[PDB]
Amino acid sequence: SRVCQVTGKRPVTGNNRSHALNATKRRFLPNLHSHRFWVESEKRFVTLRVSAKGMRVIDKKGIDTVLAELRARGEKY
Amino acid sequence: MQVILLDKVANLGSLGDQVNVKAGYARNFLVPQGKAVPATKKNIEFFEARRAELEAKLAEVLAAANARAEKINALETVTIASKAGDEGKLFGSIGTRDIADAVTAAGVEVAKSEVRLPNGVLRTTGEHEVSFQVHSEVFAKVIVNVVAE
Amino acid sequence: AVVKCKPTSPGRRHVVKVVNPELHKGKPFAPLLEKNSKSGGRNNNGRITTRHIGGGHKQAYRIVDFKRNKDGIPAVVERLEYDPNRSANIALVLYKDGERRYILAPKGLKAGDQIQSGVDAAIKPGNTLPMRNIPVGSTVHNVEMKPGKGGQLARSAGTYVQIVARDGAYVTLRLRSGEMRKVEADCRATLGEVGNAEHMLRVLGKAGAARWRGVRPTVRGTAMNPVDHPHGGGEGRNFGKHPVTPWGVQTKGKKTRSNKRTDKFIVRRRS
RNA sequence: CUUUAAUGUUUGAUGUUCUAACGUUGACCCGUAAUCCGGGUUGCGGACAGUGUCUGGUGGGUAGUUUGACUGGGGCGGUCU
RNA sequence: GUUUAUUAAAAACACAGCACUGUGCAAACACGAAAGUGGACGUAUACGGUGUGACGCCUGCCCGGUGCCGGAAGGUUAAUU
RNA sequence: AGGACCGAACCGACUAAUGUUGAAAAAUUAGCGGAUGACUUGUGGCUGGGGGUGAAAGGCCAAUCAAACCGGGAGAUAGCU
Ligand SMILES: [Mg+2]
Ligand code: NA
């Protein structure tokens, strides 16, 4: 499913509102990308399905902390 | 993205400098190789102690060919050789990269890689370059004094 | 040859059959056969995704070797055979090591003739080797679009490709449609024009002849009701609109290519 | 302070090159006596393609509806303050 | 040959033939939030769409309008800033 | 040889009479078309309702079809009887 493994962002339902204020249901999808992160603690490439915001979170925190959170949450990566 | 350079980079800095590098460059090239590492405060507070080992030992043993992408083309190396080949068009032959070399035996020692394996190509109508290669057809086809010298 | 059947009945009045006597009037080679089942135009959801498909004679699939990756071993063509799965006749060929394979039949190939694969192959029809090693300006068939995949260009009955130019890693090909395309010079390709070129001249002569091949009848959009097609109803014969597909897209001129990934290999679209 | 030359230098742009993101419904190895999937090596593409948000155009393909009243039936014509 | 099972079997549908048009293969197109599948284990002598409807003689003139296609000096024009 | 001819089985359904609280919610009798093919038929499987399937009649999808049936929103609404 379209879920960011770092942040948990899912598709979220909302409205397309016309100029006549016609409300038709729609989905906002996240900006998911499958990325191979070079983990140094294991000398490996770990593939994760991550949003761009999650990638910024990885850049800030460090991949080690993010993976620690993921494995504390479960999330077989 | 602010990063501290563990080694020399072409147009960013040399041997320790908080450089504002684009996130894609840092994420995909500098950190996957041994060139830089992001400065999250604690990292520089460890770098200020690591510099004793880094700036001398690692600097002496390896300070060029950080990713063998541009330093191989700029700093010409492994020019001297003995193996010629077939007629002047290297194709699938690793040749010699370590033996019969003098400059690449002291401190900093750049390196090279292999070429395209034989599946469609052969000893005519093209050539290869003795250096690191990702492309094998559109890559530069400059003579390296190994294809026929 | 082409034979016009005499008009003993309406249905044999107009049929013209392509009769070739050198074909093999026996069974195919059993090891190189596999089951293939008809689909009726239905995908795995069970829905007709391509209309006008269903029925026809039962057919066994022949494993025809398009890669031609056995290099340096000459082969002799034992027989020419009828392939129900394509417009071209095939050739059962025996290698010097004792292995038997199927190939497409070039225009002039006949039983007893020799063939070979690889860089050190003579330029005569049936031989297969890279465009790199093939001279420019020549006629070629069964052509790869990237190395090692297996040829998939100029395969139908009398088609061929014309090697127009060579520039670096890429060779330029004129395809049978008139399109000009770049292709890597490492790509293999077979010499000569693939044969059975009189395949066009056959006329089915009756509806059942098209039913034998798996083609179900086509119903015009104008013959339908508005709920079924955009061309829909009207009292009597009425069109009053631009021609379109059943899904509303405009046929009669609108271009549908949208790739942006292979455009760099297209030198000149077909006229 | 008026004006005017250059670059380390910040983003704007055209172009060409490159590889390390990303694609591969190319080849070979392994999980594995497996046309899936994954990992790996190599080639070919390559910051293009493609996806997320936002945006202009198109859009009976689909949907929801509106299309008045008077009236010697109704409609057509006329009318309506 | 097919067709309104149960008031219409036909001049209606289909049809061999023909023309236009799209499609270079991960094809176009279709079923599918997607993965994938059909097309097709096919490759332009192929595949889809559309129209006409054996065969014979043929198929004249018009690109002003709508559509599609191609190209462009210029005008106006969104998000963003 | 033949989507050739006459004609049983088999598949159909052009005309007439009967019947229409029928023997039968579509049949009987007498005639009638095809009858080696685009035929017919048994067993099993697949396509599901804004969907399927359709040699196209808005045909067929369990005696129901210009949007099946069952249950629910639901005691919809009814300026009308
Ligand atoms: Mg069709
Ligand atoms: Na119509």
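According to its header, this structure was worked out by electron microscopy, 2.5 Å.
Keep in mind that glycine also has a Cβ here, set from the backbone N, Cα and C atoms.
As written in Swiss-Prot, here are the features:
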MOD_RES   B:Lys71  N6-succinyllysine
MOD_RES   B:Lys83  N6-succinyllysine
MOD_RES   B:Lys89  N6-acetyllysine
MOD_RES   B:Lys112  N6-succinyllysine
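Cβ contacts within 10 Å of B:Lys112 (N6-succinyllysine), excluding its own Cβ and spanning all protein chains shown: 21.
B:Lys83 (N6-succinyllysine) sits 12 Å from B:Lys89 (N6-acetyllysine), taking the Cα positions as reference. The secondary structure of B:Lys71 (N6-succinyllysine), as reduced to three states from DSSP, is helical.
In this structure, of the modified residues B:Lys71, B:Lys83, B:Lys89, the smallest number of CB atoms within 10 A of the CB marks B:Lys83.
Listed in sequence order, the modified residues among B:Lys83, B:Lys89, B:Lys112 whose CB lies under 6 angstroms from an atom of ligand 2 come out as none at all. Ligand 1 lies within reach of none of the modified residues B:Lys71, B:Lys83, B:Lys112, judged by a C-beta closer than 6 angstroms to any of its atoms. Straight-line distance linking the Cα atoms of B:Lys112 (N6-succinyllysine) and B:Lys71 (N6-succinyllysine), rounded to a whole number, equals 10 Å.
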